[PDB]
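Below: the structure, in structure tokens.
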Amino acid sequence: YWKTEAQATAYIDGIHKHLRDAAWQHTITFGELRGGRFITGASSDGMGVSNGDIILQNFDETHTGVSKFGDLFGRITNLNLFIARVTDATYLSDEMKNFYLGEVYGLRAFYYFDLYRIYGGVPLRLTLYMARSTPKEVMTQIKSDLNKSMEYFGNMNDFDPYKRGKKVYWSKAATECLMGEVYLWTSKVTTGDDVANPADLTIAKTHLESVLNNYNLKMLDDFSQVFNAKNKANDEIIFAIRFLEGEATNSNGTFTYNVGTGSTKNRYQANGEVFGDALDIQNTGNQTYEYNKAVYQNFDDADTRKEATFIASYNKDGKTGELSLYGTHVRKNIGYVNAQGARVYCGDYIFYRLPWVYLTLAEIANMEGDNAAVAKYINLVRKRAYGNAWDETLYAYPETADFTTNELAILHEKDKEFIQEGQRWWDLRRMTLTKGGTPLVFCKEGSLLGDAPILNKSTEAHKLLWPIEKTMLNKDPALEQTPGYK
């Protein structure tokens, strides 16, 4: 139905902006909230927090977290349409056609992999009132799409071949990262009829090592520079969602405080000074998402990620003047203050960056038994974190044959490295207490405090997957409820 290069390229831009619009759901709703480290009730700043049912694992046919399969099928159908229209188009160069098709097959895998991890089986729309396909059928499609993505990208490793925006359009590296994520997952996790297959580890490994070796990627010396809105598309980043002042901004202000009406402003900073507007966010913020303060307290003070990620607010004892930790507030990726003095939340949403590749390879190493490589990759990330304070004697991970110690060390490094970057729920589903053993979501060792499992395996096994709404079930008789829910 199209006649020109301009139209195809416009549609590619549109595909990316719709992907931007799903970034909060991908990273925060799906990746973070069920991770066992958010508070509920009133935040430190005084406001009832959002999504409390997701956070509490309260899931059933009237508490579904998101509606309409996360509203992703509209996006998917635009990908299908692009593929149908462009596959035999004669108005694009072979190079641009193949680059675009690489992107669009990659992104169709991306969306379906979120749907598989959240729901298991879902309708397979590739070309309403369609039945859910089985998890195996969905994963077959995901993997077919990833292979087609690589086939189209071929040898084009360039991140920015048309100079439209480096690292903010999908790329060959991004597909390789996704393959690393997908094949590791299927190596370790059974969902319905899609049975864990250790043969997949080798494929994950090859693609992640390719990412390390073939794209000129490098970890930055300064953790904060990774996220800095004035240092975007830097050498550590593989693929990020672009937020741009005057076009689209994100909701990272909701992890802060409300200067207008909240209580944080009247508490204190670590130095004893009144908190006020310590982040320079004016009245742009609220505190409707907040990490349990143990997340902050888990960092050593010599770990630069601590104050890069968080600012703390304190109560001061009326008698003794002693400060006690009260709330924490996320300043990891809150953009900048513009020339007019307004806070703009245009921090990019990074989906893949290099330390993720390292900790993912660490997890593969743990599966192999390559204890030396587990330690290597953990220490690469730690050494960067501690900066000029790095001291192997205090902070280095010593190698060990104990699978559990290694798996937990990798989780706890991801827990520190990837605050607000959408990993922990996935890590809890995927990582296991022992080789071939119980998912960490069912073990007290996976919880923030170490005291009780996030899910009870004997009563809550069905809550690994998310339910769909009663109203949708009533309107669409093709659909069945996610397994095990009433």
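Here Cβ is always computed from backbone atoms with ideal geometry, including for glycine, and neighbour counts include all displayed protein chains. Bear in mind that the values in this text are calculations on the coordinates, not laboratory data.
At a glance:
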read-out	value
Charge dipole (debye, nearest 20) of the chain; +1 at Cβ of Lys and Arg, -1 at Cβ of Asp and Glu	800 debye
Cα-projected label distance for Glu368 with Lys470, points at 7 Å along beta-carbon direction, nm	5.1 nm
Cα lying deepest toward the dipole's positive end in the chain, options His26, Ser313, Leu81, charges on Cβ	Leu81
Label-point separation, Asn231 to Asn58 (7 Å along Cα→Cβ), nm	4.1 nm
In nm, spacing of pseudo-spin labels at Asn216 and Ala199 (7 Å Cα→C-beta vector)	3.8 nm
Distance between segment 311-365 and segment 216-260 - C-alpha centres, whole angstrom	11 Å
Leading residue at positive end of dipole, the chain (Cβ point charges), from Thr400, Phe159, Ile142	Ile142
Footprinting exposure proxy for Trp426, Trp2 (fewest neighbouring C-beta atoms within 10 Å first)	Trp2, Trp426
Sum of side-chain charges, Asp300 neighbourhood, beta-carbon under 15 Å (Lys, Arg +1; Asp, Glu -1)	-2
Sum of -39500 (n - 2.57) over DSSP H runs of 4+, divided by residues of the chain (222 nm, nearest 500)	-12000 deg cm²/dmol
Proxy reagent accessibility, fewest Cβ within 10 Å first, across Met367, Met472, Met179	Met472, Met367, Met179
Rounded if a/c under 1.5, otherwise prolate or oblate - segment 371-486, Cα gyration tensor axes	prolate
5 angstrom amide H check on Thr432, placed H, neighbours 5+ away	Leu440
For segment 1-115: rounded, prolate or oblate by the Cα gyration tensor [a/c cutoff 1.5]	prolate
Cα gyration tensor category, rounded, prolate or oblate, for the chain with a/c compared to 1.5	rounded
Peptides ranked, highest mean first, by Cβ atoms within 10 Å: ranges 441-447, 42-48	441-447, 42-48
Least to most buried among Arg164, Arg20, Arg117 (fewest other Cβ within 10 Å first)	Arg164, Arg20, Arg117
